[PDB]
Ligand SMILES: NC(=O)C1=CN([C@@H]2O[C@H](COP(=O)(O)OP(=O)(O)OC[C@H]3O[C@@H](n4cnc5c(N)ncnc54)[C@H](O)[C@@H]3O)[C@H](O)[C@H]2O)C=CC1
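Next up: just one chain, as structure tokens, the form solved without the named molecule.
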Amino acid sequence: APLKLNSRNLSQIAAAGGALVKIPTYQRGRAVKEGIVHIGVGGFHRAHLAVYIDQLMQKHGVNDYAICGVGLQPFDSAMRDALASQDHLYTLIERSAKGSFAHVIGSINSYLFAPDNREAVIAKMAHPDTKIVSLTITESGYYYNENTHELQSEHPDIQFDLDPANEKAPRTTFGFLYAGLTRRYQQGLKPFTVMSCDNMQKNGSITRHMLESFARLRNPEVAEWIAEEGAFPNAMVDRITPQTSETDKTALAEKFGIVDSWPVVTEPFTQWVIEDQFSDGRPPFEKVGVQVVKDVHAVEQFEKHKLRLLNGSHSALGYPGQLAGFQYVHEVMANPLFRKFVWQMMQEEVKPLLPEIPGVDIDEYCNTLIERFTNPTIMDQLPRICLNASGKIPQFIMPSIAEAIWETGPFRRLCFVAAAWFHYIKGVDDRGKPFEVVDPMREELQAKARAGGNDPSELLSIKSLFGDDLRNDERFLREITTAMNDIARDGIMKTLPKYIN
């Protein structure tokens, strides 16, 4: 019979799990020191950072960087209950075409539910054992005005945490970080590194600016100390981690004999690039496949690879795939015409625009991306890929076109993708079936798309989305006009051969 995941059942779980299960054999509890305090224990932390730490503990005997997880909101009580009932063990389920495999993760050693005791969280962060405070709080948790690049200090949440009456009861990430750092300053300790693991560009620089700005509104002396002695490394993170369903839980018990209140499902691939900026020490991340780099310029190089080849290929699969009648990313990627289209867009048009990175083979990366896209267990819905395209195409596809214009390099397939979005905006696929177009600019986009025919001039006139270099290039206009005409007349599948070889 299946067994509840916990310390006392771990050995029998391993004994009955065959080659389908692996378990931590390092010691836990009092045997480790919690060098990492993680704010926002969710799926991505439990599939990415926590797994690197697990491998450092298991394969290399690192004993002082176990994780104390923190949940900030009442909603997080379910995570507290799941981990507490399992002695903070949980199962990572890796799924691919090869099948599914269970990896019990033991790197989270304890959990602090902030609404139960906010002082405990501050004191934990302030404790000398804490070397790193890591974050997965999503973009909205940064209280970041992207237009002005400033802290939203007028936000009621920030005003509350800034009130000295609340200095012992912060509620935001920055309130907790500041309260912890002020106590470290009092104790003569170094600032802990603040290590943002959210998937956003300049995650470290944004975190630094927000906390510095917060601290400046409290005590400028502490703020200067944070600025000068603190560490806020920028990083690139990549690992697909879908939400767990109730069926994932019952499937785990049925196949692997593990009863887990909240397992985590993920893909085999994982990547972590992080610049070497740490204020209170770090474990040897490089030993478990982490790419530790020099500075933010080095991180930006990896981020450009991912933006143009991963997200750019998602665009190639998404809008053409929706028009063609597909439902899932893995269906589009398995189609032979799309396989050649995407690979040749990657190789002929995107790759020449990319910086070479020591130890990185772009052709290997391209093949890995296609393999990940083909993974049928991800069940990545094309409507989710295509959602809010006005914020995606100008970031993933148009920059490659613009840089191709600067050197008169190849961009026919890139233009095809942009033209496929333009046709997609009308909301009718190649079989005559409507689909929803979801976009913060949906009304304007559908207005312009109707004004223009099979012609892109009206859409390209939106000055907030497209620059003058696009409208003033004759080869681009001629190329996207042609693609948009052929897609409208013959559809995606019939037009793809004109872009292969």
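Each form is matched to the other, and the largest set of C-alpha atoms that superpose within 1.5 Å is called the rigid core. Residues carry their position along the shown sequence, with the first being 1.
Below: the form solved in complex with the named molecule, not depicted.
Only one of the listed residues (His149, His297, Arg431, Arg384) places a non-hydrogen atom within 4.5 angstroms of the named molecule in the bound PDB entry, and that residue is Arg384. Out of the listed residues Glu94, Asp198, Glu403, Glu331, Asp198 is the one that sits within 4.5 Å of the named molecule in the bound PDB entry by at least one heavy atom. Contact check for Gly42: a heavy atom falls within 4.5 Å of the named molecule in the bound PDB entry. In the bound PDB entry, the named molecule stays beyond 4.5 Å of every heavy atom belonging to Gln347.
At a distance threshold of 4.5 angstroms between non-hydrogen atoms, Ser245 is out of contact with the named molecule in the bound PDB entry. The named molecule is not drawn, but in the bound PDB entry it has no heavy atom within 4.5 Å of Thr182.
Remark: of stretches 82-90, 207-215, 235-243, 421-429, the one touching the named molecule in the bound PDB entry is 235-243 (heavy atom within 4.5 Å). In a rigid core superposition between this form and the one not shown, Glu349 is the single residue of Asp248, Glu349, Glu267, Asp198 whose Cα is displaced by 2 Å or more. After superposing the rigid core, the Cα of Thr377 is displaced by 2 Å or more between this form and the one not shown. In the core-superposed comparison between this form and the one not shown, the C-alpha atom of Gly325 has shifted by at least 2 angstroms. The rigid-core alignment places the CA of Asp64 less than 2 Å apart between this form and the one not shown.
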